[PDB]
Every structure is written in structure tokens, then in C-alpha cells.
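I have placed the structure first, in the form of C-alpha cells, so that the comments after it can refer back to it.
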Amino acid sequence: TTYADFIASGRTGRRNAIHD
Amino acid sequence: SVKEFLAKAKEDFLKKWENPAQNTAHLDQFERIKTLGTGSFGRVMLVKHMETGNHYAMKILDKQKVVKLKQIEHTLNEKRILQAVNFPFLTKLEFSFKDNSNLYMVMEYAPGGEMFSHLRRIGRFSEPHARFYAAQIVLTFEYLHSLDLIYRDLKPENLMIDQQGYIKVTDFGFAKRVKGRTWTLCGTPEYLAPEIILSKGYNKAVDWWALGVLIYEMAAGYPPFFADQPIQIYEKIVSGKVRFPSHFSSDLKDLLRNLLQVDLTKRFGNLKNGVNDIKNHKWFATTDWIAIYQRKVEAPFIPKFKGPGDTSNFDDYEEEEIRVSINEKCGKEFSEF
Ligand SMILES: NCC1CCN(c2ncnc3[nH]cnc23)CC1
């Protein structure tokens with residue numbers, strides 16, 4: 001499931017901004 | 001009318017924009033209580049204003065770290081804008097000042113914690129719950145865009161819940177007053193419009209795309225474009241192929257298709273009728289826009305509170321000194337702050 005794929009990803013925590 | 005409300009708000013904003021408040025407090029007027037969040041140049045703390053006993057959120061930026069990160073102009077944008085705005089779903093600056101080492105911005109404290117925390121814990125929000133938040137964002141963006149401001153970092157991490165369960169859109173670090181197009185690569189991977197990723201000049205339509213991402217994430221419990229590395233996220237976004245959970249209502253999908261539109265001539269919020277294509281979409285048909293703005297609507301979730309400076313809706317972060325050098329750092333760079 002997509003939910004399961006999300007929760008197993010490294011991007012369920014607070015996500016950092018990107019810049020330049 | 002909205003046009004009348006907004007013209008007046010613009011008069012108010014410009015007066016402060018052209019003549020910014022500066023040096024309206026000092027560090028030792030505040031008792032520091034707890035770190036509520038951290039970031040690249042420092043943190044935000046819960047503080048108590050001693051003279052009044054009011055609680056605030058104090059953002060502390062290390063000038064040297066701002067300089068290393070090439071965020072001088074962006075930081076000056078943040079303070080200059082936040083001191084000048086006034087809106088129910090924003091936290092304007094109550095005070096700002098600087099010392100030898102740091103920049104300080106003092107704002108209304110939102111005790112309910114980050115939407116992010118609640119969204120992750122609960123999994124996903126019901127469509128009515130998502131719509132209640134989304135409406136507040138639509139109105140804020142209406143307000144901000146009318147002032148020629150682009151926000152550029154919408155996400156659950158940057159949406160604070162207040163004691164009444166309403167939102168504050170915080171984190172103005174990438175906010176910019178610009179007429180026409182701008183070019184900076186900034187934002188958060190999951191929320192970046194394809195124009196940004198493709199390194200085009202872009203405009204406030206990036207905020208409306210980011211709204212599509214947020215509504216999707218609130219309603220699904222995960223974002224429309226995700227993967228372990230940013231590059232893979234960027235590849236998905238520029239395809240633009242979105243897949244919707246089967247529980248998404250017909251109306252929701254249709255809204256999202258029009259927000260998450262790679263074609264700028266068709267993207268909602270960027271059309272001839274501006275924000276009204278969003279305000280009058282069927283998904284929002286139950287939304288009473290004036291009552292949301294007046295905070296008359298009953299919030300679908302109200303935070304659990306124990307006291308005025310209770311912090312149990314926030315994660316715990318390691319507390320670090322606020323050190324103030326005996327030598328002034330980066331005076332020229334931050335002269336106007
Ligand atoms: N991006 C997440 C951070 C969490 C801590 N912050 C915060 N927390 C509480 N009230 C506030 N009023 C203004 N900012 C702010 C700042 C944002």
C-alpha cells in the first residue's frame with residue numbers, strides 16, 4: 001500500500017527546506 | 001467587499017513596509033523557557049515577556065550562520081514582511097532586535113504545536129477537517145498575494161495550531177515582496193512546483209501548487225510525490241501524474257487536478273478569476289469564508305492544554321546556550337534589521 005510505502009520511507013519526519 | 005478589505009489592508013501594510021519597526025525590545029526583557037523548533041541559523045523558543053507575563057515565540061538567528069548560508073537578504077525579507085503584516089492566520093512581529101551575535105523576532109505563541117505532529121500521529125484528516133485548514137490557507141494566500149508577497153514554504157511543519165484549533169502560517173524565511181517573476185530555488189522538495197524545479201522564472205502560482213500538495217497530504221496522510229531522495233521526488237513532480245486514494249471524493253480530486261496543474265494557464269489561483277476559482281469550487285461549497293475569517297466556525301480538532309505556557313504539543317529538543325559575543329558580528333549585513 002502507498003501508506004506502507006510512505007511509512008517505510010525516510011521522509012516521514014520533518015522535511016528540511018532546500019535552497020541554492 | 002473583499003476588494004475593499006484588501007485595499008485597506010494594503011494601505012496598512014505599505015506604511016509599515018516603507019517604515020519598518022526596529023529595536024523594539026532587548027533580550028533580558030524575556031525569560032527563555034523551551035526550544036519549540038530548530039533550523040539552520042538557530043531556533044524558536046517559548047519565552048515569557050517579564051513586564052507583562054505574556055508568552056511569545058522568539059525566533060533566534062545566528063548572524064554568522066545566516067551569512068554562511070547566503071540567507072542575509074531572505075532574513076531581511078522575513079523580518080520586514082512579518083513586522084508589516086496583520087492577519088488572523090499570521091503571527092506578526094510583536095518585537096524585534098539584535099545583539100552582537102543574533103537576530104531576534106518575537107511573535108504570538110501558538111500552543112497547539114505543528115500540524116505536522118498531529119497529521120502524522122492521526123494518519124490523515126477527514127475531508128471536512130482538511131477543508132477547515134485549507135480555507136484558512138486560501139484566505140492567507142489571498143491576503144499575502146494582494147500585497148505582492150509570495151510565501152514559498154507551505155507544509156504541515158510550518159502550520160501552527162492555536163488554542164482554538166485555528167492555524168498560524170509561520171516560517172517566512174523564503175517570503176518575498178516581488179512584482180512579476182523571481183528565480184530563487186527554494187522551498188521543500190515535496191512541495192516544489194515544476195516551474196521551480198525546471199529553473200524557470202516563477203510567480204505566486206507556486207503557492208497555489210503547494211496548496212494542492214498540502215490538501216492532498218492532509219486528506220491522504222502522505223504527499224502526492226514522495227521517494228527517498230529529492231531527485232526522485234523532482235522526477236515525479238515534473239511528470240505531474242498524481243494518483244488519488246479511492247477514499248478521495250470526486251470534488252476533492254477535481255480541486256487537486258486544478259491545483260496540481262503543470263500548465264500555468266490552467267492552474268487554479270493563476271487564472272483570470274484568481275482565487276475565486278478556488279473559493280467557489282464545489283469542494284469548498286460548505287465553506288463560509290467570512291465565518292472562517294472571523295473564527296466563528298467550530299474547529300474540528302482543538303488541542304489538549306494544561307496551562308498558558310504548557311508545551312506538551314511540541315517535541316523535545318536539546319537546549320543550547322544563547323551566547324552573545326563581546327564583538328559585533330555582521331553589523332553591515334544586518335544594519336536595517
Ligand atoms: N516550522 C515550525 C516552527 C515551530 C516553532 N514555531 C512557533 N511555535 C509556536 N508559536 C509560534 N509563533 C510563531 N512561530 C511559532 C516556529 C515554527
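Counting starts at 1 for both ligands and their atoms, following the listed order. Below, chains carry the letters A, B, ... as their sequence lines are ordered, and counting in each starts from 1.
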Suppose I only count heavy atoms of B:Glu108 and a 4.0 Å limit; which atoms of ligand 1 are within that range?
10 (N), 11 (C), 12 (N), 13 (C)
B:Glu114 neighbourhood, listing ligand 1 atoms whose heavy-atom distance to it stays under 4.0 Å:
2 (C), 4 (C)
What is the closest protein heavy atom to [atom], and at what distance does it sit?
atom: atom 6 (N) of ligand 1; result: B:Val44 CG1, 3.7 Å
atom: atom 14 (N) of ligand 1; result: B:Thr170 CG2, 3.7 Å
atom: atom 11 (C) of ligand 1; result: B:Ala57 CB, 3.3 Å
atom: atom 10 (N) of ligand 1; result: B:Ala110 N, 2.9 Å

With a distance cut-off below 6.0 Å to the six-membered ring centre and an angular limit of 45° from the axis, does B:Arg267 pair with B:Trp208 as a cation-pi contact?
no
Between B:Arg295 and B:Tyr166, is NZ or CZ placed under 6.0 angstrom from the six-membered ring centre and within 45° of the ring axis?
yes
Taking both backbone and side-chain atoms of B:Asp171, is any N or O found less than 3.5 Å from an N or O belonging to ligand 1?
yes
With a 4.0 Å cut-off on N to O distance, would you call A:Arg14 and B:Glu114 a salt bridge?
yes
Please work out, at 4.0 Å between heavy atoms, whether the side chain, the backbone, both, or neither of B:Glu157 comes within that distance of ligand 1.
backbone
Applying the side chain to side chain contact (heavy atoms under 4.5 Å, CB included) test to B:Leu211, which of B:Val213, B:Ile215, B:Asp207 qualifies?
B:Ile215
I'd like to know whether CD of B:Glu4 has more than 12 heavy-atom contacts from other residues, nucleotides or ligands below 6.0 angstrom.
no
Using the side-chain hydrogen bond (donor to acceptor under 3.5 Å, both in side chains) definition, which of the options B:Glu217, B:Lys155, B:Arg152 pairs with B:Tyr191?
B:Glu217
